[PDB]
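Written below as structure tokens is the structure these notes are about.
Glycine also receives a Cβ, built like all others from the backbone with ideal geometry; neighbour counts cover every protein chain displayed. What follows is calculated from the coordinates using simple rules that are stated; it is not laboratory data.
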Amino acid sequence: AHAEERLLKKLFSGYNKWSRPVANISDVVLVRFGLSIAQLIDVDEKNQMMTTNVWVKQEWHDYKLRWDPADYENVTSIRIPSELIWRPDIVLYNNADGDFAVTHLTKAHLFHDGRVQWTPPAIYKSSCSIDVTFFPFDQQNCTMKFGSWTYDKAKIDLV
Amino acid sequence: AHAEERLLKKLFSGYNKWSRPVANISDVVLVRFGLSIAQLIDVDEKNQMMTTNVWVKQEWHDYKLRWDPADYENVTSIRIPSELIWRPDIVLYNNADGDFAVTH
Ligand SMILES: *[C@@H]1O[C@H](CO)[C@@H](O)[C@H](O)[C@H]1NC(C)=O
Ligand SMILES: *[C@@H]1O[C@H](CO)[C@@H](O)[C@H](O)[C@H]1NC(C)=O
Ligand SMILES: *[C@@H]1O[C@H](CO)[C@@H](O)[C@H](O)[C@H]1NC(C)=O
Ligand SMILES: CC(=O)OCC[N+](C)(C)C
Ligand SMILES: [Ca+2]
Ligand SMILES: [Ca+2]
């Protein structure tokens, strides 16, 4: 716990959250992006919206958050606030009456090799076109478009 | 008042609210958890939803916030804002268009 305070003091001593965490400019940050649906809250046919509860599973490597476990009483991983670190700005392009980015900001699971795991919850209201030709036997196909807003492929790449 | 002010200065001199409060990492923070329902605001059968007003009683042990009352004018307990200390992030998994965590 004194190591953890020492660890957190060490990691955030000279950390800059506004700069992409790459040791080399030409490097590209790989973001492993995956969804986990909790419940399909609503499918508003009249407004052609879909409200879903998901866990936006993200994972990227931050080269400035690495430490040797042997030097810190063998700390393998720690939980750090997500508002203190640089997180990719993945937004829902086809949003409708909802939030573009993830707003909860739960803590992230940081490992000793720089890997960061972040799985915040979210409630997204995405617009999807609804066909009611065979209602009430219809089959809707509603999509969500996720991508980094500011960073292009040469800087942030999704997996 | 002076005793409590000195106690507050001492307690948070080097307190890190981001670090789990255990003297030994092998320890696990036991969080005694319990609800106290206040009123069933609504049960929306149409939306398959229930709205409740509850008090999320939580209780844990923090090791870096200990003191001897004899050294602080016999002050046994104090009230401090919850945002200044480490807290468990207990949330409602099955949330439906509502706030996940405690916001007050
Ligand atoms: C960054 O990557 C480029 C392209 O591979 C390489 O030429 C350059 O030497 C690298 N810089 C450092 C400091 O390693
Ligand atoms: C659903 O929509 C996506 C994109 O519009 C399309 O690629 C896919 O083939 C569609 N599937 C069905 C079963 O309609
Ligand atoms: C922590 O607990 C483990 C096992 O209970 C023990 O081996 C170790 O010495 C303890 N360390 C401290 C600093 O109390
Ligand atoms: C540079 C910038 O802000 O681009 C945002 C728009 N988008 C997602 C179409 C690239
Ligand atoms: Ca409906
Ligand atoms: Ca009702």
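Some values worked out for this structure:
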{"read-out": "Filter result (of a type in the set (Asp, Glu) and either in contact (Cβ under 8 Å) with a residue 24 or more places away in the chain or away from ligand 5 (no atom under 13 Å from the Cβ) (or both)) within segment A:26-57", "value": "A:27, A:45"}
{"read-out": "Selection count, segment B:75-86, where residues are in contact (Cβ under 8 Å) with a residue 12 or more places away in the chain and either more than 13 Å from chain A (Cβ to nearest Cβ) or basic (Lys, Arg) (or both)", "value": "5"}
{"read-out": "Residues (more than 8 Å from chain A (Cβ to nearest Cβ) and either surrounded by fewer than 12 Cβ atoms within 10 Å (Cβ to Cβ) or closer than 26 Å to residue B:54 by Cα (or both)) located in segment B:18-37", "value": "B:26, B:28, B:29, B:30, B:31, B:32, B:33, B:34, B:35, B:36, B:37"}
{"read-out": "Residue A:89 vs. criteria closer than 27 Å to residue A:113 by Cα and more than 16 Å from ligand 4 (Cβ to nearest atom)", "value": "no"}
{"read-out": "Condition check for residue A:10: closer than 17 Å to residue A:80 by Cα, within 13 Å of chain B (Cβ to nearest Cβ) and not in a strand (DSSP E or B)", "value": "yes"}
{"read-out": "Sole residue being touching a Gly at 6+ places or on another chain (Cβ under 9 Å) and in contact (Cβ under 8 Å) with a residue 12 or more places away in the chain, chosen from A:68, A:62, A:89, A:97", "value": "A:62"}
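Conditions (1) assigned to a loop (DSSP other than H, G, I, E, B); (2) within 16 Å of ligand 2 (Cβ to nearest atom), marked per residue:
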site: A:61; (1), (2): no, no
site: A:65; (1), (2): no, no
site: A:71; (1), (2): no, no
site: A:79; (1), (2): no, no
site: A:103; (1), (2): yes, no
site: A:142; (1), (2): yes, yes
